[PDB]
Every structure is written in structure tokens, then in C-alpha cells.
Amino acid sequence: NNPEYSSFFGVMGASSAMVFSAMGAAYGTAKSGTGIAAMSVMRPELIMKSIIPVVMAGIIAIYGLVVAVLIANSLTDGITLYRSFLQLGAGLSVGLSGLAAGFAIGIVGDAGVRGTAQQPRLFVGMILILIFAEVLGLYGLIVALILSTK
Amino acid sequence: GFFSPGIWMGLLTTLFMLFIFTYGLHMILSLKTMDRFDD
Amino acid sequence: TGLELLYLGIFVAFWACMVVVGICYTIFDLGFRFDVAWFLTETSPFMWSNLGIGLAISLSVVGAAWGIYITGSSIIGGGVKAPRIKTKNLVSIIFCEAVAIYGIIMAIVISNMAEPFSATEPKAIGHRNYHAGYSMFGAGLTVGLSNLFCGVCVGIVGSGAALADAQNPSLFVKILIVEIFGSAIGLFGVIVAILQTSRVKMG
Amino acid sequence: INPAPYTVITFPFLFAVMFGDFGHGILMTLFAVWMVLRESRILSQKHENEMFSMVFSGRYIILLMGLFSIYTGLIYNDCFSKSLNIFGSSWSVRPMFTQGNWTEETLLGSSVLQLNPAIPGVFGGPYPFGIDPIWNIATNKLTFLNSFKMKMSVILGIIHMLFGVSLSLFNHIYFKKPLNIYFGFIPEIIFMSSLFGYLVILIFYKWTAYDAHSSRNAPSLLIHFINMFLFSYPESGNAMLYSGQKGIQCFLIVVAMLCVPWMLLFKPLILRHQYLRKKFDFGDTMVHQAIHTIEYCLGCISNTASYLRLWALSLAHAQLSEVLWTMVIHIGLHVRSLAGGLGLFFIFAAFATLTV
Amino acid sequence: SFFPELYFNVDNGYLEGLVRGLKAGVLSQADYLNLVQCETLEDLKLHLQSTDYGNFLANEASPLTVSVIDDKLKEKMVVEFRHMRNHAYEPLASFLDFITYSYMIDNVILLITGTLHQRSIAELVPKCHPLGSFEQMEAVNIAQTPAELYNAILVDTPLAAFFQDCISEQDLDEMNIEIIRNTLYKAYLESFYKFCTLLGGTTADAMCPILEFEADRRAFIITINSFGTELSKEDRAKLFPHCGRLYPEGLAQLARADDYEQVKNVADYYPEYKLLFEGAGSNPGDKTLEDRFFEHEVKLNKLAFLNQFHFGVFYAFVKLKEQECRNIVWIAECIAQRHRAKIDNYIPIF
Amino acid sequence: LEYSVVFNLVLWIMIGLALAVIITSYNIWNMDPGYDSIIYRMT
Amino acid sequence: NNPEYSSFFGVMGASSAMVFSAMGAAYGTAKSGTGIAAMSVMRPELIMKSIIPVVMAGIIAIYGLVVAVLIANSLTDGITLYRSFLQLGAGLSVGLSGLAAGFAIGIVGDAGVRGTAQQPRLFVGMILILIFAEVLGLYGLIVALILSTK
Amino acid sequence: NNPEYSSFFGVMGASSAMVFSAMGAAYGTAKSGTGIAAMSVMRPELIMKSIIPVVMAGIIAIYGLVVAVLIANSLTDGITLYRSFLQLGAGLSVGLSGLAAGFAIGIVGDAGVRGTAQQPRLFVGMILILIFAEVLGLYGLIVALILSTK
Amino acid sequence: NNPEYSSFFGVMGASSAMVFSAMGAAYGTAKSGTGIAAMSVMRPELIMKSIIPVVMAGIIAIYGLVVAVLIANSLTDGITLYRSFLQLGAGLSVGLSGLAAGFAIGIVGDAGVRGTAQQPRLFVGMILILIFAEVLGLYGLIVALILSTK
Amino acid sequence: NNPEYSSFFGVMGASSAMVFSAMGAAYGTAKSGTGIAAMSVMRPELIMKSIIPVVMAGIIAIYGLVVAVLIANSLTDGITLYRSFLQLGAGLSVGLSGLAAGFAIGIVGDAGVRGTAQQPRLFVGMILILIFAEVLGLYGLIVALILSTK
Amino acid sequence: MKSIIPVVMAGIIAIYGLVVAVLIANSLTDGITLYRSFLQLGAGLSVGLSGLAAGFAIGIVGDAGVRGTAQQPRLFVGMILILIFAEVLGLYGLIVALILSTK
Amino acid sequence: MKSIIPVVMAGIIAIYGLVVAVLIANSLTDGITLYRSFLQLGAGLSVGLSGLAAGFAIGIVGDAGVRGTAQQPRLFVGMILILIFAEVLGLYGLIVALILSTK
Amino acid sequence: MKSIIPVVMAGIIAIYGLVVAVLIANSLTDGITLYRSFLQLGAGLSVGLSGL
């Protein structure tokens, strides 16, 4: 039958799914928010333009959270212990890849702060660079979905 | 074997306690005095 | 700067010792003396429940405190010439106590299910409780660190907000939106915790 | 009081016990005598080497050093890690050791050593001077020798500092300070004596009152001293030196305690009383006498402990000489007739160079 | 890296708030235009009183001159700087110590040449630029002996580290005072750059480019003015701080430069200075090259205010506010001589 | 028998003494004689 | 039946309770003393006011002491391993919460003391952030009091 | 016959692949993107000309994903316990080789950005060096393509 | 019947109680004394005024002595492994309480000594702040004494 | 008889080989590219005579991969625990040798490039250094191939 | 000559260490009951750590008071007082060591 | 010539390192009850770390004192006097080491 | 040109390790005595660290 304690892998799957991803999300939001506070000091018209990194840090949080909710829905007592390996791997993958996309969007974002502060033209380019990072976050998501349902 | 099971959880609790304590000690060692006063 | 050197030495020695012991055990084909079942079956689920509660409140406390002093330093610096800052920036400290409550309420959620076992032999006794109290641990550490980093981000963002509010208070809400986002991430943490504590039962 | 005349004799004796060897003493007396015979020539000669000038100016110091070094080398019975044999080692009779239930002991002895036992009823007798040379070749010499060397050093330190504390009284007598006598020398010297003189007489009492008939469960000096100091008096576990000693120790501790108030506050209180009668900061003078009491007491304890440097350097020299013998001049002795001597030539050349 | 953005606030939140507030308190171009709309020194005082400036000539002489306003601006700078410095902690205190050494050098230059030519110390004391301190004894009352002041510099004055390269009083008497200060200035820039790079965070990012530009600027103008004066080319090259883009290459062409156009050619390889040289047309009645440099430095200071976790904000407001003081002085000069046709010869502070 | 407890205790005491001696060695290594007074003259 | 080694968890809990809270109170006193020492030279009339965070740091120490003494009373030898665990959790939690509250109190105290040194208007706000920090410390006390009986 | 935990190695293989490759791409967008925000302030005309290192970091992400899913679809419960080793080693290899090309691209692109700013002739060589970095990425993919199918 | 090695933990408690408070006193006196040597050198009229931190460090050392001696004189061989653990907890508690108190009093004493160099009004409030840290040490002593006689 | 950890060790040998080789090559390319970006401005013409150290870091990558894939192709399940030793030793040896070689290539290439920014004659001696960099790489290759054949 | 007192204090701390060291050494055997031996270990740790604290205090304070007394002679007495306090720390350690040596 | 004074005395630490080392290189055997072996371990580490202590003190103090003798010749007497205590410390180490090597 | 001496010399330092390593490979076998493998490890790490 199911070996005892087998669900532990899946529960750390859920935890590691969301934890590091949320680290990254709140790091990106944090730091872009400070840069955009400096923006708020120096000119107010690009405030609608400054919301970009934050919602995408939110997207990183979603990348973590959807997988975490999937694991927390699949939780039970008698797990085969062979799906839970996939659950754990998926969790740690999506978590730390959310961390990856997180600090990436953060550092690129505050670079873009001053870049757009002095030159409005670079806004499009820095958005492109930002989009690359959430493509990386979606990468972090998809293998987790594959493994968690394999 | 290599360990007595009656004290492993105790070892882990001590590890967590000393971890938080060394966090506190790292924090308190950043303290330092005040230099010359303002007027 | 010797403290980080001490920590690096500790970590390096620990990791090297673990690697050496592992390769030696694999070399000599020892008969599961690294018994996982021995490490685990001798673990009381009371650890899991109690440490879940403790981490859940502790990490929330730490992050809420961090946001508290960050905003305090920033508001006190900015109020030297712009004392109108305090009209608005106190919402950040309200958010810090929100960071606290997110963890405290879930600590109560876990603590409602504190029960005994009256079971001694590990094999096939209390099979459900084994996963239940564990899951309490996982959810507790999850919600704890969740509220922790949420408080951290809210605090340093509120610092930036206050130092921006010093020269012009009209853009404060425009800065407060990102604090709302951080609160949302904390809520994600609480939701994962409730999904991890909704199918558990102790004793 | 000039301390130099007393140092003229104290200091050679302390350097001798710190350099307790016969041959080395001879060599450096030869050096000093070479300084003294070459006095006139050296005096009318420039010597830029200031080390040479400084050693030469105190050349008669070196003569005293070496005379006392020779005397202590004789009493300690050591000369290049070797004891002197007047053939007076009359303590352990060996054929009678065979007679003492040691029959065919050599059969076991081919692999073991078989320490001689105490009081076989047939041994006894001292050596004419110093230590018996049998201990110079023994393995228990380390346990036997170093212990009374420690106790000896304690004794010598106590007598020297007694002499100093008497010099303080002589100063007081000269400069007419009755306060420095009633509350000064007298209380402090009785304070010191009521501990250390008792320690001395206890040491000698055990040395002349307990023998190997009572070795089994014999007393211990340090245990009894600790019993005194801590007011602990167990019924058993430590053989009692003499009846009623507990009350005597209690009285001695009590008087030692009663000696503190004098130097502590009785003198400054008298100063304040006389000043008020005549009518000067009381607090400052009180603090001065407080530091005086503290420095006196702590100095007494620290000095009494630190006189064991005597023991320390004596052991250091003895072991250094023994190692130098066991490594250098030992390997020069061999069955080979001519090659042995030819090697011994250069071996002793190196020996001499390293020794000096 | 992760080292910044965490520890900075813990011990500099209040000081960051105060400096940001004082930064927000600057005078805009509108304030300058309002001051320009005065035509008198009394109206200049009134325009100063409409902001946090002014209100200092109260309880003073009714007539107004340039010296009075200059002294008041300098006194305000000194009071605020000392007040901020007193409430500081060592990582920031070393920074402010460097900022003070930048004027210690000028003061020690002033003090010497008052001993080779016998002059009292006390009469030089007021002449010293403020923030000078020199509250350390044995530099005062040296019996006018070069050895005495030299020992006092090595012992009490913190500049002993820089004076490890200017020693023995042989440079003090033989070699020109200006070159002494130039060499000490170069060494001080080197030490300051190294200390900044040790703090490898937002502070390093803020101050490496500014000091780079400052050194490159200095080398350029060194080569500009050296043409008309007696100076060995090597003695010119030894005054170029190595902490610049010029050091890997470009300093050498400057070392062998001979005329203004060759210096222009050296600057051409670097567009950042090509634009400044091209804007520096050197025309009779227009801005000059050093004005372009001041504009560059001011905009770099303004750029530095976009980050919160650097010690550079303090240096930044110091430079920007002394530039504001210089602008005020220049407008005063234009008013006094009735040369209102040259009112537009000051760099704005944004 | 119960060699594990002995092993734990000996490991703990050895590492504690090692920690103490190493931290004291690091302390005494980096003493600062002042770098002032005549040391100024010797730079 | 009673597991061996059952007593060391709860005593170490009470230890941690009084330990880390004491660290927090030390932090408060440490930073606020540097404050008051820097301050009263300019404005010696507000010394009595600057004791506000110091008493509160002492109160954090009281929180820790209250829990520690309670756990000290409630310990025993015949533990079923459950009560000692509850004591451990309660004690460590209150200790770390006292630590956090004390540090926040200390550095907010020095900062707001400076804010009062220049601008008197910031004094009530200083008391505000201090009361919020004390509410955090009181959470630390109260949840541990709940845990010692759960 | 194959013991429990046999499927364990392969999932960390796929994970570590995607993990380390995500780190590499995050650092690629880290350094070069901030270099763009610092450089293009004075040269906005090359906004379209320096997206190449960022897309190259994206390609590293692609490599990671491809190997990760390759292992994800080729794993099973009844595994020989040798294929698990092969997948573990392959995934580790390709992941950290993605990380390798990651920091190589980051540093090279950050240098090449302002190197093109000062001298536009540097463009002839910058993409060639980036191609060398992506050759190292291909090296990792080669080892992954041999080990996984082995 | 008693567990082996039982009594050892109480003796380690005595040693820790002693040594940690000894460290506390050795530091509390040292930095305060450097403050005295730096302040009194130019205002020697306050030599007697600023010995209070030294006496307080002495009080901490006395707390260490009394707890250590109390534990050392209660030792025996027949302990049930439950007295020794309590003695260990008490000893660590009081020892590190004295340590933190020593640090606090030393730094506050130096700060207040320099402050009253600048401004005599501090002296009384300075003493009050010293009372606070001493009373923290006293709280630690309370818990230690409750545990020692338990 | 034939273990599975033998195959594990061989696979980790090939892994560590290409791992450390990639580390060295990426670091070398990074430092070399920074050097070219520094030199290119004053010496725009030598952009075509500067790729050499990058190609030679490429050669180190050749060594790393040829050994890695050679060991990978020799993997099997029936291993007598001896060829596994040889494979592991070979792989780790060539790997870290390539790491050190690439490190040397990076530092020497950057330094030589910066020297050549004004000294065209330094090119010759720079090649003279490059050859010994490849000597170290070759020594990484040699014994690894020997062991792969043992 | 007046500046040598703290060096003598360092010597006294050496006494504090050495007396307990030799007391533990001469109180030794092979067949110990494992109780007293453990007590000797604890006593040694306590006395050593106390002596180390005394060494730190005496070095630092001796330097500070030595550099102080030259300028202001009124600091010399206070220097001496703090030296006494360091000795008292060493004695505290010695007290617990002697208690543990015969328990 | 004065430069050689602290260094000849620094040699004594090495002498002490030989003192017990050679003694035990000679007195070692195979049939050891495993307790004298422990005693010798203790003695060796004691004298060794005492060598570290004496080395540290001698290096730094001879350094500083010889600077202060290079300036003021009067400092020489205090230099020697303070130097005394370092060899006193090394002596204390050798004392305990010999006691343990012979107990 | 003349400055290249230390680099050739650095190559020689690597010769010292490489040649001995090839010798170990020559003397390496599956059925080793558990005492020649020992000397191989000793020699290899010794020459390596000396070369470092």
C-alpha cells in the first residue's frame, strides 16, 4: 500500500511552489516601487506608464500560486509516493523560477525607471525586455504543470 | 546505529534556537557608539 | 566583517562533512544505516503542529516589525520640513498590523486542532494524523514567510512613498497601489495555507 | 632602608635556585673570575659592546651568582643531569629485597620493572646530602621530586615576604607613624601569619608525623587546606592530623577575617575623629586605605602563588639538562672502541657548544 | 547586489529624509527670474525673503554689498553641513570626512606660504575657508617653522596619509605651491575613488562616473592652460588622476599635446566630451568650456537623486547648493555694475 | 552500547572548544597598536 | 508510557521566552540611550518625554518574563510529552516576538527622538509608531499565553 | 526489482535543468538590460540593435525547457534506476551550461553595449562573441541529447 | 535507575551562568572605562559621578556568582535527568541576561558620560536608563532562581 | 555484482567534465569581451585581430565536450565498478582543468588586450601566453582520455 | 615605572589559570568515577573563560588609562580601580572553579 | 645589537616546543593503557597553544617596544620588563605540560 | 620576447603533475593490492599541492 509519510513530498511541493515565487514577486514590486517613488518626485505624467513591472510581479505570484493551489487540491493521506516526487519537483521548480523572473523584472524595471525618466522613447524597449522575463516565468510554470499532472 | 532516536528532535530544536540566537547576535554586534555631538 | 566569514566557514564545513559522509556510505554499501524511515517514524507530529504555529506567527511578526521600523525611519526623516506626511503615510503601519493579523488568525486556525494521540507504536497507528499535523507545519511556515516578505515589501515601498510625499503629497495613492499589490501576495499565501489545512484532522 | 645590602645575598640565592646546577655554576664562576683577573687590562681598554660593559660592571654580582649556583648544585645533587655519589645510598638493601618475598623476581623482571614497596621493615635511612642518587635513575623521580620542590618554593617565598613586611615596620618606627603600626603593620602581619605560618607548621607536622605505615588512606595537604578555606569538615574520607584541629582552623580563619577592619577603616576613622577634635576629605582618604587593603591582600595571595616560578624554572633546567644528556652525550657511547671515541670527540664538541 | 537596499535605511533614514527635503527646497528657474526682476540689492534681499533664504540681513547694516550676501550664504552652508555631519554614523562620517578634505587641502595651502614668509597663524585663522576646523593644537603656534607645521600635518592633521607623498619640506620650499595642491588633490581623488569602490553598492554606481568625469575634466583643462606657461610635459602628466577613462588611453596624447586643437582631437575620441567641446565654441561673448563642464556636473548631480540607497545624495546637494550660491553671486554682480545685458550667464540648478 | 550518545557529547564539546579557540585567535590576530604617535613618523 | 527526555523542551521554551525578549529590551535601551545622550545638549527640556520607548521596552521584557514564569510554574517530571511541547512553542514564539518589538521600538525611538529634536510636531507620531510596536509585542505575549493552555 | 526512490533522480534532473537555465537567462536580462538603460540614454537610435543578447538569453531558456520536458515525458514508475541517473546528470549538465552561457552573455553584452555606444564598429564583434556564448549553450544541449537517450 | 550522565547539564548551567555574565561585565566595564578615560581627561570634575556602570557590571558579575555557586552546591549523583535540565536552562538564562545587560550598560554609560560632558542635565536620566538594563538582568535572575529551586 | 552507483559515478564524471569546462569557457569569454569592449574605442581597426582568445576558450570547450560525450557513449549497466572509477576521475580532471584554463584565458586575454590598446607589438607575446593556456587545456584532456581508455 | 601595574595584573590572571590547572592535573587518575572528572572539566572551562575575560579587560583598560594618565593625572586612580575590577572578575571565576574542584 | 634582544628570547618558545616533544618521542611505546595517551595529548596541546600565546605577545610587544626604543632610549627598561611576562606565560604552559606528561 | 620565461616555466610546473599522473594511470588496475592504490593517492595529491 501507500508507504507512510508519503504526502510530505507533495506538501513541500505546494510550499516550494509558492514561496520562492512570492519572494521574487515582492522583491520586484518593492524595488520598482522605490524607483517609481523617485519618478513621482521628478515628474507625475508617466505614472500610468510605471504600473508595468508591478502587475507582472503579480503574474509571477500567479505562476507560483496556481501550481500551489493545484498541489493543495491534490493533497491527501494515501498518496502513491511516486506522484509526490513529481509534485515536489514541480514545486521547487516553479518557486525558484518565480524568484528568477522576480529579481529579473525588478532590476530591469528600475533600470527602465531612469531610462524612461530622461528619454520617453526607451519605454517600448524596456517593456520588451520586461516581457522576456515573464516568458521566463511562464517557462517556470509550464514544466511544473506537466509534472504535477504527469 | 549512529544515533539515539530519543534526542534527534531535541537536536533539531537546539539548532533552530541557536539559529535565531545567532541572528540576534549578528544584529546586536552592528551596534556602535555616537560620535561628537551637535552643538 | 568577520561574522560573514564565520558563517561561510560554518556552512562550508557542514556541507563538506555531509558530502564526505554520503560518499563514504555509498562506497561501503552500508545497509540503509541512513534509514529515512528511522529519521521520520521517530518524529512526533506535535513538532509539526507546534512549529507550524510558531513559524506562522514568528515570520509574520518579523516582517510586520521590519515594515514598522522602515516606515518609521522614513516618516520621521520626511516630517522634518513636511509634517503633512503623517496625514497619509500611517496606512503603511496599518498594513504592517495587517501583515500581523494574516498570520495570527491562521495560527488560531491551526491551534483549534491541537489534540493528543495516546499511540506509541509508529507502524500503521495514526496514519491520518501523520499527514495532518505535517500539513499544519507546511501551511504554518508558508503563511508565516508569506506575511514576512509582504511586510518587508510594504515597508520599503512605504519608505519610498514617504520620501516622495515629502515634496508633494498628491501622488501618495499613486504610490500606495503597489502596497495593495504586496497585500495581494500576502493573501495568496493565506489562501495556500487554508487549502493546506482544510483536509486535516488530529488524533 | 636601602634594600641593596639585603639583595646582595637574597638575589644570588634566588638566581641559584633558578639555575640549580653544579657544573654550569663552575663554568660561569670561571667566566666571572676571568673578568676579575682581567680587571686592570679591561679597564684601560675601550669596549664598544655595551653588553660587555654592563655585564662587567656587575662582575662581582656574577661571582655571587656563581658561588650560590655551585652551592645549590651541590645540595640539589645535580651536575650535567648527574647526581654525586658519596656512596651513602644506604636506604634500599637489594639482597634483602630478594629476602623480602621477592623470589626469582627477575623472571618477571625481564619485561616489567617492579617498583620497590614502602616500609618492608628492612629499609630506612637518609642520604648524607641532598637527594639520594637512586632517585636520579628512578622513574618515580618526577612524582617524588617535584612535589617537595613546590612546597619548598612556597616556604622560601613566605620567609622572604615576611622579611619585607618587617622592613615596613622599621620604616614606620623611623618616621614616627603610630597609625601605621596599630592599624598597619601589626594587623596585616598577623593576618598573613594566621594563614601561612599555620600552613608551614602543618606541612612540617605531616612531614614528621605520618609515615608509610599510614600511607593507605593517608591525609592530604591540599584537601585539608581546602577544608579550612571552605569551612567544610567531613567526618571521614581524610585522615585527621590531630584531634580538635577543626576548632583551631575555625579560630584561625576567624582572626584572619577580624584583621580586615583595621586597615580597612579603623585608621581613617581615627583620622576623622582627631580632625573633628581639632575642629581633609574623609572619602578620598577612605578610598586610599581601601585600595591599600586591596593591594596588600591581593598582592599577598598573588605573590604566594607566583613564588612557584622557583619550582618552574628549577624543573625547566633539570629537564633541559636531562634531555641534553639523553640526546647528545648519550649517543656518543658505543661498544666500538676507536670509532666510538672519534665520534665522541665531535659529539662532545657540539655538546659543549650547545651547553654553553 | 543584495547587500544594498537593506542596511542603508536602518542607520540613514532620517538623514536621507532631511537631505531629500533640502533638495526639494532648491530655487527653481522661476525663483532666479524673480530675483532678476529686482534692479536693486534691496529688492534682491526681498526676493530672498520670499523663500527660505533671506531674513539673515535683519539686525545688520542697512547698505547692502556683495560681500554681505556671500558671507550669509557661506554661513548657512556651513551651519547646515555641520549640523547634518554631527548626527551621522561612521560609514557616512568617512564620506563627509572626504568631503571636508576637499577643502582641508585648500586651507593647508593657505596656511603654508604664511611661514616661508613670516606671518602670524591667528591672522590666517579667519582667512581660512569655513569647515576648516583645525581645532587640533601644535598646528597653531608653530613658531613659524616649516618643520613644525610639517610635523603637525603628519601627526594631528588627518591628511598625513596624503602627505606621505609630499614630504621632507623639500617640495614645500622649492616646488610651486600650486603643483603641491594639484598633486595632493590627485592623491585625494585616488583615495576617495578607492574608498567608494570598497562600498560596492548604489553608492559606487553614483560616485564612480562623477569622479571619472571630474578627473578627466581636470586633465583636459590642465593641458589647456599648460601651453602658455613653463611646465615639463611629464610634470603635467603626473597631475592626471588615474581614476578615469583617460588612463587606459588618451592621457598620453594629452601628455604630448601642444595646442588647443590637439586637445580637441583627444576629446573627439570620447563623444561625451566631444559634445562638450563642440558646445564650447570659445566665441567672444558666449559660454565657455568650463561652463559646459559645470552644466555636466549639475545634471549628473540631478541624476544622482533618482536612487534612495546611496550616500551620494549628500555630496550631490553640497555641489548643487554651492553652485546655487555662485549663481546668486553672479546675478548680484550683474545687478551691481548695471550690466543687465549679461544676466544670462549662470548655470541653472534645474 | 549507547555509543551514539558518547559520540554526540564528544562532538559537541570538541566543536565548542574549537569555536572558542578560533574566535579568540581571530580576535588577537587583528589588534591595532594605534597607527599613531611615532608610527606616523615611521610611515 | 511517558516518553523519556520529555522535560527539556518546555524549559528551553521558557528560556527562549525570557532570552529573546530580553534581547529586544536591550535593543530598545541601547538605541534610545544613544538617542537621549545625543539630544539633551540642545534641548534639555524634553528628557522626561524621551523615556516613552524605554518603559515600553521594559514592558516587552515583562511580556517575556510573564510567559517564562508561567511556564516555569507549569512544568513537571511526569509529562506525556505534550505539555512540554506546548510550553516550547509558546516560549520561543513570545521570545522572538519580544525581540522584534524591542528592536523596532529602539530604532524608531532614536529616530523619532531626533524628529522631536528638530520638529516638535513629530512627537505624537513617534508615540503612534511606538504604540503599534507595543501592540505587536502584546500579540507576542497573548498568543503564547494561548499556546501554554492549548 | 528496481527499488523505491528510483524515479527520484530523473525529476531533479529535469528540474535542475530548467532551474539553472532560468538562473542564466535571468542574469542575461539582468546585466545587459541595465546596461541598455544606462547606455541608450544618449544613443536611443540603437534601441533595436541590442536586443540580440536578451533574445539569446531567451534561447538559453528554450534549451532548458526542451531538455526538461524531454525528461518529463520519458520518466516512469518502473524505471531501471540507471535511466534515472542518466536523466539526473543530463539535466544538471544542460541547466548549469545554460547558466554558463547566461553569465557569459550578461557580462559580454553589458560590455558590448557601451562599447558600441562609444565606437559603433564594435557591433561587428559583439554578436560574434554572443555566438560563442550560445555555442557553449549548444555544448550543454549536446551532452543533454546524448545522456538522456542513452 | 536514574539515566546516565544526568547531573552534567546542571553543571554546564552553572558554567554558562558564570561565564556569560563574566563576558557581560568584562565588556560593560571596558567601554565605559574608555569613555571615562576620554571624557574625564578634560572635565575631571566628574570622576566620581561616572562609576555607576562599573558598579552595575559588578552587580551582574555577582548575579553570575550567586547563581553559579547555588547550582554548584546543589549537585549530586542521583538526579532523575529532570533537575539537571532545569538547572541548565536557568544557568543559560541568567548568564546571557547578564551578557546583554553588560553590553547595554556599557554602551549607554559611555554615551551618557559624553553627553553629560556636553550637558550636565543628563546625569539623572542616564542613571534611570541604566536602571532599566539592570532590571532586565534582574528579570533574567528571577526566572533563573525560579528554575534553580524547582 | 555490477552496481548502479558505478553508472551514477560515470555519469557524474561526464557531467562535472562539461560542467567545469563550460564554467571556464564562459568566464574566459566574459573577461575577453570586456577587454575588447575597453580596447575597441581607440583601436577600432583590430576588431578582426582580437577574437583569438575567444576561439581558444572555444578549444577548451572542444576538450570538455569531446571527453564528456566520449564518456557518455561508454555508459552501460554492466559495470564492474572500475571503469566507473576511471570515467569519474577523467571527467572531473578534464573539467576543472578546463575551468582553470578558461580562467587563465580570460585574465590574460583581458590584460593583453588592454596592453595592446596602445602597443601593437604586444600581440606576439600575447599569442605566446595563449599557447601555454592551451597547454593547460591539453593537459586536462590527456590523462582524461588515458583513463577513458584504461 | 608607574605604568607596569596592569602587566602585573595580567600575571595575576595567569596565576588564576595556573593554580586551577595544576589542581586539576594533580587530582587525576585512570579509574575515575566519571563524576569528579566531569566536574574538573566544567571548572576548567569556567576558570579559563573568566581568565580570558580578565585578559581582555586588563589589556584594553591598561592601554586606555596609560594613555590617559599622561595628560590628566587624575585618571590614574580610576585606572587602578578598573584594574581591581578585572582582578575581581578573575577571582569570581576562580571561586566557582575551586567549588567545582572539591564537590 | 639591541635588535637581537627580543629574538633570542623568541627562540625559547621553540625550545619549549622541543622540551616535551622530544621527551615523548623518546618515552612512547605500543602497550599503552590509553589514559596516559590522553594525558600526553593534553600536555602537548597545552604547551603548543602556550607557544602561540607567547609568540603573539612577544611579536607585538617587542615590535612596539623597539619602535619606542628607536625613538626614546629610556623605553628600553620597560621594554625588557614587559617582555618578562610573555616568557612567564610560556613557562606556565610548560609547567602544566610537564605535570600532565608525568602525572 | 625575453619576458616569456616564467610562462614556459609555468608549463613545466604542469608537466610535473601530468607525467606523474600518466604514471599512475599506467600502474592502475582493477585488482590492486589496496596498498599500491594508497601510494598512488599519496603521490598524486602531494605533487599536485606542491605544484599549486
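Letters A, B, C, D, E, F, G, H, I, J, K, L and M mark the chains in the order given here, with residues in each chain numbered from 1 onward.
Everything below uses one rule, namely that contacts are C-beta pairs under 8 Å (C-beta built on N, C-alpha and C of every residue); 3 or more make two chains touch, one makes a residue touch a chain.
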item: E-J compared against C-G, more contacting pairs; value: C-G
item: Chain located farthest away, centre of chain H as origin (C-alpha); value: D
item: Length of the line joining the C-alpha centres of chain B and chain E, rounded to whole Å; value: 46
item: Interchain centroid distance [CA atoms averaged], chain B/chain I, Å; value: 19
item: Chain C-chain J separation of Cα centroids, rounded to whole Å; value: 43
item: Touching two or more other chains - residues of chain H; value: 118
item: Chain F residues counted as touching two or more neighbouring chains; value: 2, 5, 41
item: Junction residues of chain E - those touching two or more other chains; value: 5, 10, 13-14, 24, 87, 270, 308
item: Chain G contact footprint on chain E (complex, rising order); value: 10, 13-14, 87
item: Chain L contact footprint on chain D (complex, rising order); value: 49-51, 142-143, 146, 309, 312-313, 315-316, 319-320, 323, 326-327
item: Parts of chain C lying in touch with chain G, wherever the complex brings them together; value: 44, 46-47, 50-51, 53-54, 57-58, 61-62, 64-65, 68-69, 71-73, 75-77, 79-81, 83, 86, 90, 93, 96-97, 100, 104, 107-108, 111, 114, 116, 120
item: Chain B-facing residues of chain F, complex; value: 2, 4-5, 7-8
item: Chain C - residues contacting chain E, complex; value: 69-70, 73-74, 76-82, 156, 159-160, 162-163, 166-167
